[PDB]
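Participant: Below are the structure tokens for one structure; questions will follow.
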Amino acid sequence: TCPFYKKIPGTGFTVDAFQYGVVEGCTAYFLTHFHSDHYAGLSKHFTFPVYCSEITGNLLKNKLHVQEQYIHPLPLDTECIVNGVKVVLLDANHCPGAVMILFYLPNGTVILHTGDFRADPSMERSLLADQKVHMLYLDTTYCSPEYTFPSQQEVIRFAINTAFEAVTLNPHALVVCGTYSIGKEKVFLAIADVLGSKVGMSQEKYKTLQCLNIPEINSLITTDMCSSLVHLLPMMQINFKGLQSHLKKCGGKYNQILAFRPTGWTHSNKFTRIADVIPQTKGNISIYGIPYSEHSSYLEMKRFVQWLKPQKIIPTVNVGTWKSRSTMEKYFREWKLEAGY
Ligand code: NI
């Protein structure tokens, strides 16, 4: 049955609640982004209204075959009316088409649901600045002080410099990047741009990327693997066996692989600077795990909440254990006492 933290009080609305069958009293189902833990349950047989971003709506139609008459895309940063309630969609700085949702309840309560997000000071100047928020449904993925990670910009600099150096030293090296959902496209696109190559990939993955409104995408991606020196493979294949096998398939065009696994966090972060990251190597294969996160660090999350000053926080992640829940509630209290709300 649907958990309380997916229900918006005082409306007929749910958020990211598609795996519970027909939710009792739900008149409109919102989807914050196209990741499988959130969309789980949607298909061509869904006949309730789905409200989402334009990009998420492209993906529902093309990848899951949801019928167009039930997809209701909304523009960002625009006040819209849904079943008599004002809503706004804001950029979540997660994966393409990911949004936060502001709901303006008829009785005066204002609720922000972050979906999945990576908090950023740029958010402190959207339509959020313009009113008070009473309840925050918060993406608490990394809500513990051990979770520090570098900026996205520092991580991409490291990747670009690493790949450019390797291929310049050996023009017969192949770069591989792992993927299993949308998100983190900058990793493979920045590397291909510095190498003067397109990124080669499966037809299924190319179709997925063509749904995303990325400008100049016909310019950066391709299904012709033979013309590309940056290949995308499933994340599961980014290991020594999987990569040895791929290299065999390239028919002696290449004699070395440099591979990237963009992870969220890895406890190498508690000891190591980005500058200091080294690969795992076997033979002519090296694998770099890089800490490219599309969720808030603890400090980014804390700054956002201490700026917003909500009256009540409802965590949406790590809510399944009493120890996790208790830990998070203790940090929320600290934040509030330190800031004075
Ligand atoms: Ni997500």
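Chain labels run A, B, ... following the order of the structure tokens; each chain numbers its residues from 1, and ligands are numbered from 1 in the order shown.
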So which residues are near ligand 1, meaning at most 8 Å away with only C-alpha atoms and all ligand atoms counted, given back as a ChimeraX atom specification?
Facilitator: /A:33-35,37-38,94-95,115-117,294
Participant: Enumerate, in order of chain and increasing residue number, the residues of region 96-190 of chain A with an atom no farther than 7 Å from region 297-312 of chain A, each with its shortest atom pair and distance in Å to one decimal, counting only C-alpha atoms, as JSON lines.
Facilitator:
```
{"residue": "A:119", "atom": "CA", "partner": "A:300", "partner_atom": "CA", "distance": 5.6}
{"residue": "A:120", "atom": "CA", "partner": "A:300", "partner_atom": "CA", "distance": 6.7}
{"residue": "A:133", "atom": "CA", "partner": "A:310", "partner_atom": "CA", "distance": 5.5}
{"residue": "A:134", "atom": "CA", "partner": "A:311", "partner_atom": "CA", "distance": 4.9}
{"residue": "A:135", "atom": "CA", "partner": "A:312", "partner_atom": "CA", "distance": 4.9}
{"residue": "A:136", "atom": "CA", "partner": "A:310", "partner_atom": "CA", "distance": 6.3}
{"residue": "A:142", "atom": "CA", "partner": "A:298", "partner_atom": "CA", "distance": 5.9}
{"residue": "A:143", "atom": "CA", "partner": "A:298", "partner_atom": "CA", "distance": 5.3}
{"residue": "A:144", "atom": "CA", "partner": "A:298", "partner_atom": "CA", "distance": 5.8}
{"residue": "A:145", "atom": "CA", "partner": "A:298", "partner_atom": "CA", "distance": 5.5}
{"residue": "A:147", "atom": "CA", "partner": "A:298", "partner_atom": "CA", "distance": 5.8}
{"residue": "A:148", "atom": "CA", "partner": "A:297", "partner_atom": "CA", "distance": 5.6}
{"residue": "A:149", "atom": "CA", "partner": "A:297", "partner_atom": "CA", "distance": 6.4}
```
Participant: Suppose we keep N, CA, C and O atoms; can you now write the selection as a PDB file, in the first residue's frame?
Facilitator:
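And here's result_23.pdb as it stands now:
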```pdb
ATOM      1  N   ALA A 119      20.891  19.887  -4.323  1.00  0.00           N
ATOM      2  CA  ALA A 119      20.785  21.237  -3.905  1.00  0.00           C
ATOM      3  C   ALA A 119      21.889  22.102  -4.387  1.00  0.00           C
ATOM      4  O   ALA A 119      23.100  21.730  -4.327  1.00  0.00           O
ATOM      5  N   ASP A 120      21.498  23.335  -4.762  1.00  0.00           N
ATOM      6  CA  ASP A 120      22.463  24.305  -5.289  1.00  0.00           C
ATOM      7  C   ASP A 120      22.015  25.718  -4.934  1.00  0.00           C
ATOM      8  O   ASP A 120      20.829  25.980  -4.910  1.00  0.00           O
ATOM      9  N   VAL A 133       7.430  28.255   2.781  1.00  0.00           N
ATOM     10  CA  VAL A 133       7.081  26.811   2.662  1.00  0.00           C
ATOM     11  C   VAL A 133       6.857  26.170   3.997  1.00  0.00           C
ATOM     12  O   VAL A 133       7.741  26.165   4.854  1.00  0.00           O
ATOM     13  N   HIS A 134       5.685  25.610   4.189  1.00  0.00           N
ATOM     14  CA  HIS A 134       5.329  24.989   5.455  1.00  0.00           C
ATOM     15  C   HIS A 134       5.826  23.588   5.578  1.00  0.00           C
ATOM     16  O   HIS A 134       6.296  23.240   6.654  1.00  0.00           O
ATOM     17  N   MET A 135       5.731  22.758   4.506  1.00  0.00           N
ATOM     18  CA  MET A 135       6.163  21.342   4.578  1.00  0.00           C
ATOM     19  C   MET A 135       7.118  21.040   3.408  1.00  0.00           C
ATOM     20  O   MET A 135       6.851  21.491   2.253  1.00  0.00           O
ATOM     21  N   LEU A 136       8.224  20.358   3.739  1.00  0.00           N
ATOM     22  CA  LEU A 136       9.259  19.937   2.747  1.00  0.00           C
ATOM     23  C   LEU A 136       9.352  18.389   2.708  1.00  0.00           C
ATOM     24  O   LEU A 136       9.702  17.793   3.737  1.00  0.00           O
ATOM     25  N   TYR A 142      21.813  11.208   1.019  1.00  0.00           N
ATOM     26  CA  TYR A 142      23.113  11.354   1.644  1.00  0.00           C
ATOM     27  C   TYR A 142      23.101  12.209   2.892  1.00  0.00           C
ATOM     28  O   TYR A 142      24.026  12.967   3.103  1.00  0.00           O
ATOM     29  N   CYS A 143      22.049  12.054   3.715  1.00  0.00           N
ATOM     30  CA  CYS A 143      21.851  12.804   4.923  1.00  0.00           C
ATOM     31  C   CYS A 143      22.708  12.277   6.108  1.00  0.00           C
ATOM     32  O   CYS A 143      22.159  11.807   7.100  1.00  0.00           O
ATOM     33  N   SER A 144      24.024  12.391   5.955  1.00  0.00           N
ATOM     34  CA  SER A 144      25.023  12.046   7.010  1.00  0.00           C
ATOM     35  C   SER A 144      26.337  12.724   6.705  1.00  0.00           C
ATOM     36  O   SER A 144      26.749  12.775   5.562  1.00  0.00           O
ATOM     37  N   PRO A 145      27.004  13.298   7.715  1.00  0.00           N
ATOM     38  CA  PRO A 145      28.159  14.142   7.421  1.00  0.00           C
ATOM     39  C   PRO A 145      29.336  13.466   6.741  1.00  0.00           C
ATOM     40  O   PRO A 145      30.192  14.173   6.179  1.00  0.00           O
ATOM     41  N   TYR A 147      29.171  12.028   4.013  1.00  0.00           N
ATOM     42  CA  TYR A 147      28.982  12.176   2.573  1.00  0.00           C
ATOM     43  C   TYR A 147      29.404  13.554   2.092  1.00  0.00           C
ATOM     44  O   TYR A 147      28.629  14.492   2.107  1.00  0.00           O
ATOM     45  N   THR A 148      30.667  13.659   1.666  1.00  0.00           N
ATOM     46  CA  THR A 148      31.215  14.848   1.072  1.00  0.00           C
ATOM     47  C   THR A 148      31.513  14.410  -0.343  1.00  0.00           C
ATOM     48  O   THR A 148      31.919  13.260  -0.579  1.00  0.00           O
ATOM     49  N   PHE A 149      31.322  15.305  -1.309  1.00  0.00           N
ATOM     50  CA  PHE A 149      31.921  14.949  -2.604  1.00  0.00           C
ATOM     51  C   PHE A 149      32.285  16.200  -3.393  1.00  0.00           C
ATOM     52  O   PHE A 149      31.906  17.296  -3.050  1.00  0.00           O
TER      53      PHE A 149
END
```
Participant: Would you mind reading off the distance between CA of residue 114 (chain A) and CA of residue 32 (chain A), one decimal, in Å?
Facilitator: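 Computing it gives 8.3 Å between the two atoms.
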Participant: Any chance you could tabulate, as a Markdown table, the residues of region 126-209 of chain A at most 6 Å from region 247-265 of chain A with each one's nearest atom pair and distance in Å to one decimal, using only C-alpha atoms, in chain and rising number order?
Facilitator:
```
| residue | atom | partner | partner_atom | distance |
| --- | --- | --- | --- | --- |
| A:172 | CA | A:254 | CA | 4.9 |
| A:173 | CA | A:256 | CA | 4.6 |
| A:174 | CA | A:257 | CA | 4.9 |
| A:175 | CA | A:258 | CA | 4.9 |
| A:176 | CA | A:259 | CA | 4.5 |
| A:177 | CA | A:260 | CA | 4.9 |
| A:178 | CA | A:261 | CA | 5.5 |
```
Participant: Name the residues of region 48-277 of chain A that come out as alpha helix (DSSP H) in a backbone DSSP run; write them as a PyMOL selection string.
Facilitator: chain A and resi 54-63+152-169+185-195+203-210+240-249
Participant: Nearest to residue 60 (chain A): which of A:100, A:211, A:127, A:90 is it, counting only C-alpha atoms?
Facilitator: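 Nearest to residue 60 (chain A): A:211.
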Participant: Determine the nearest neighbour of residue 170 (chain A) from the options A:152, A:107, A:47, A:284, counting only C-alpha atoms.
Facilitator: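 Residue with the minimum atom-to-atom distance to residue 170 (chain A): A:284.
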Participant: Interatomic distance between CA of residue 18 (chain A) and CA of residue 321 (chain A)?
Facilitator: 22.8 Å
Participant: Please, what distance in Å, to one decimal, runs between CA of residue 16 (chain A) and CA of residue 31 (chain A)?
Facilitator: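 Atom-to-atom, CA of residue 16 (chain A) and CA of residue 31 (chain A) are spaced 5.0 Å apart.
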Participant: List as number ranges by chain the protein and nucleic acid residues near region 101-103 of chain A, meaning an atom at most 6 Å away when only C-alpha atoms are counted, but skip any in the same chain fewer than 2 places from it.
Facilitator: A: 87-89, 110-113
Participant: Report as a ChimeraX atom specification all protein, DNA and RNA residues lying within 10 Å of residue 209 (chain A), evaluated on only C-alpha atoms, omitting residues in the same chain fewer than 2 positions from it.
Facilitator: /A:59,96,182,185,203-207,211-214,217-218,221
Participant: Between A:128, A:159, A:22, A:199, single out the one closest to residue 226 (chain A), counting only C-alpha atoms.
Facilitator: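 Among A:128, A:159, A:22, A:199, it is A:199 that comes nearest to residue 226 (chain A).
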Participant: As JSON, numbers by chain, which residues of region 139-285 of chain A does DSSP assign to strand (DSSP E or B)?
Facilitator: {"A": [173, 174, 175, 176, 177, 178, 179, 199, 200, 221, 222, 230, 231, 232, 233, 234, 256, 257, 258, 259, 260, 261, 262, 280, 281, 282, 285]}
Participant: With distances taken over only C-alpha atoms, which of A:326, A:273, A:216, A:163 is nearest to residue 230 (chain A)?
Facilitator: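 The closest residue to residue 230 (chain A) is A:163.
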